Structures are given as structure tokens and as C-alpha cells.
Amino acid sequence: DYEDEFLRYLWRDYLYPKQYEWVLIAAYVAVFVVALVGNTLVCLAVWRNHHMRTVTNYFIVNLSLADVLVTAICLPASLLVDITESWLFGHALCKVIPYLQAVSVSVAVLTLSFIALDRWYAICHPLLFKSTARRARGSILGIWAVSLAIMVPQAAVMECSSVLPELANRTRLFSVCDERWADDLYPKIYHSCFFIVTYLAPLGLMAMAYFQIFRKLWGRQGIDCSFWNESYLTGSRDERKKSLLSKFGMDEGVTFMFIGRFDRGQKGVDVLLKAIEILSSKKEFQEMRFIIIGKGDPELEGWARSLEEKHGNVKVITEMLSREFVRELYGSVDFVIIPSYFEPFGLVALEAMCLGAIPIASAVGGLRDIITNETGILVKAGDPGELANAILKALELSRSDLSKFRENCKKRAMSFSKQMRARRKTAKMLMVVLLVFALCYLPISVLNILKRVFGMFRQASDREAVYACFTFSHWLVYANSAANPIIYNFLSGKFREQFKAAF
């Protein structure tokens, strides 16, 4: 009958001294200061400098401000509650602080989502990529609006109660803050939807987005620009060409060069050979030199050697060469032909371009991205005829200086390589941030979903370790706020620079 009543009456002053408290305090103040100075350093770094004012960094600022909010208001309250098992604040703050916590979690997740979306467009759909500062500073406002709108039920249900309800004796030592619902459907529904909205759906979506992003960035680390440059070549280019041609027993002429596996339906050496057969006539053919380098199918090798013994301006190399010598080739020949069928990386285009070799390549895959206007010739893949015509145009261009074209090739290759490297680094950082986020909010979510929907931890002496789980989960949640600036400091060069300069 009056068991809970009487037991509460007897044990109401039984404080149980927790063995590990000073470590919790130390952890909380550590996280507190680190999150504060870290996130403020983020905000300062971005706001002050102009090169930092990027959409990604505007969002990162939004995230940092969210974390600042949480760290300032909710972290100390969470510390006090978790240590003293009591609510030491007003009835108003009992609604406000958990509300601000929910809202800020929302803001954080949505921010990461917009980061992921922005990067997903920039990388996976470059053509549709629209991302001005006006969009960001206006989308952030939408994030805060929705976040401040959909969290009002939690503010509503937050109540500050103490002694067991329906009890005449309102005597108490301490009060506590918790949720008060009517129908038991309401808390289950709201908390399941809270887990879904603030964790499940956006982290799923972002998992997809970063999956596609990393799939698009995979294997694209760029090339060694320190190796692939003309600096290690001696003399003038035309004299290197003259030396090269005379070394193969040929005379001066507009030199084209293929390098790749002799494949049927990949590197397209067959397209090249066919194109040479097309060029076997015409007046222009004698003005051309061809150097076909590679090794693959015996049929294609024979097909090449036949041309090497038919036309005096065609040399075939099935010999194994060194990178230094390949470099020397790229810095000697006039044009390099990449008749690929689906070339996803086009490292030959980059490596050759860095050495002034002008690319004549099939408009497929990576090549399309690398070779733009005023920096190469692009061909419908597969068609030997259009390739031959491209070679003819190359010849008609060779009756001019071509030097600025080559310098354009160099610049394009270098900027492209640097861009893909920067891209890689950025995506890596954002990935790590998302990951650390997920791991940080995982325990509190598994606990909340196990406490508010699928039963609870309310029965008997099944509470002592559960409190410890909850305190740890809370601390972790706040530790994320300290984590992000550190992540930025290890994985973003510009943030490193600004974090150093701030001292």
C-alpha cells in the first residue's frame, strides 16, 4: 500500500558518495574550456579573414556557435544535475535548458547536412553547383528557424517536480527536472521522432552523400608535380624533339606519341592505328611523326610493327622504359594522343601536360574534366576518323608558335591536380567530423530510445550503473563540441594557420 511512500520517507537523506566525481568535474571543465576557446577561435578565424569566408566555413561557424550555446548554457547544468542528482535551477530554466539543448543538436545536425549537401553538389554534380554566401547566410537562418520551431513540444512537456505525485506531504530535499506527458503514445512517438530527425535520417543521408563523394574522389590524389616538370630536361624543346626523332632514325616533323596498354576497348590504341591507316594517304602525312609506345595484345603489337615497317615516320616501342625517360618523351614530342574508351583518371594527360605535351584525347571520363578549351583537342571516343581529323588540326596548329598552348597545358594540369588534392583533404576532414559526431551522439541516443520508447530503466537496483551510463553519454555529447575545433586544427591547413596566428 504505502511502500514507495514509506521507503522514500526513510531513504530521503541517503546520499551515496560517488567514488569518481573529481574526474567527472575535471572532464567537464576540460571540455568546457576547450570547446569555448576552440569554437571561438573557429569563429574568429573565419569571420576575420577573407580567404576563409567560404560557404563550408560559414556552416562550420554555425556549427561552432551551436556548440558554444550548448557549452555555455547546458554543459554546466548537465554537470550539476549529473553530479548532485538534482535540479538547482528555476522552473523556467527547466524548460529552457533542455529546449536549447534539443534545438542546438538540431542546428548542429542540419548544419552538417547542408555541408554534406553542398559538397555533394560541388563534387558529384558540378554543373548544378550553386553556392553563394547569400544562400548560406539565409539557409542558416532557416536551420535556426526550423530548429526553434520543432523543439517547442520538448520545452512544453518539461516540468520540475520532486516528491511522488498525489501525495499530501510535499516535503522534499531536492527537486528534479524531467518530462511530463499525458498519453503514453506521446513520449514514445516524440522520442522516436527525435532520434529519427536529429540523428537517423540526416546521418543516413550524409552517409549516402559522402559515399558518393568518396566514390567520385577515390584514386584521384593527383601527380607528383615535383617529378613531372620540364626543369629536369636540358636544352630547348625543339632540339630535344630533333634529338628524339633522329635517335629513332626519323627526321624533324610534328611528333605525336601514344603511351599505354595495347588493349581492345580500353586505351584505344586500335583507334590510333586505324587513324594512322586513314592518314596513310593525304599530303599531310609526311609532315607527321608517330611514336607508339606500349605493350599488350600480340595482334595489336603486330598491327603496330607493320606500320613501323611500312611508314618511315612511325616508331613502335614495346621496350620497358623508365619514368625519367617517359618524362623526357613528354617534354620532347609535340602532341600526345590518348584515344581511351572510358579513362577515369587521365594521369597521362596530366603528366604529359606538365611537360608541355599537348593532349589529343577522347572526350571520356577524367579526360573531359582535365582537357578544357584552349588546352587540348577532344575527340568522340572510338571513331578513328574524328581522331584523324583531330591530328590534322594538330598539324595545322603546329605551323604556329604553340608555346602559349603548352604553357596553358602546364597551368591547367597543375591547377587541376592541386584542386583534386584540396578536394580530397576537405572531404576527409568533413568525413571525420561527421564520424566523430555520430559516435559522440550514439550512446545518448541508444539510451534515450531505450528509456523513452522501448521500456525504461526504472525497476529496483537497476539504476546505479544506468546513471553512470547517462552521465558518460551526456559528457560525450558535450565533448563533441570540444572535438570539432581540434579536428579542424589537425585536418585543415588554413585553420591551423589561424589558430597559430591567434597567439
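For every residue, the number given is its place in the sequence shown, counted from 1.
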Identify the stretch, either 1 to 9 or 493 to 501, whose C-alpha atoms have the larger mean B-factor according to the entry.
493 to 501
Pick between 452 to 460 and 54 to 62: the one whose mean CA B-factor in the entry is higher.
452 to 460
The largest CA temperature factor among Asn229, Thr198, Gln154, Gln212 is found at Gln154
For the C-alpha B-factor as written in the entry, point me to the maximum among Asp178, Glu396, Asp383, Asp334.
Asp383
Name the third of the chain's ranked CA B-factors that contains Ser104, choosing lowest, middle or highest.
middle
Sort the modelled residues of this chain by their C-alpha B factor and say whether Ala483 lands in the lowest, middle or highest third.
lowest
Temperature factor at the Cα of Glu252, chain-ranked in thirds, falls in the middle
For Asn49, return the chain-relative third of its C-alpha B-factor as stated in the PDB record: lowest, middle or highest.
highest
So, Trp303's CA B-factor, relative to its chain, sits in which third? The highest
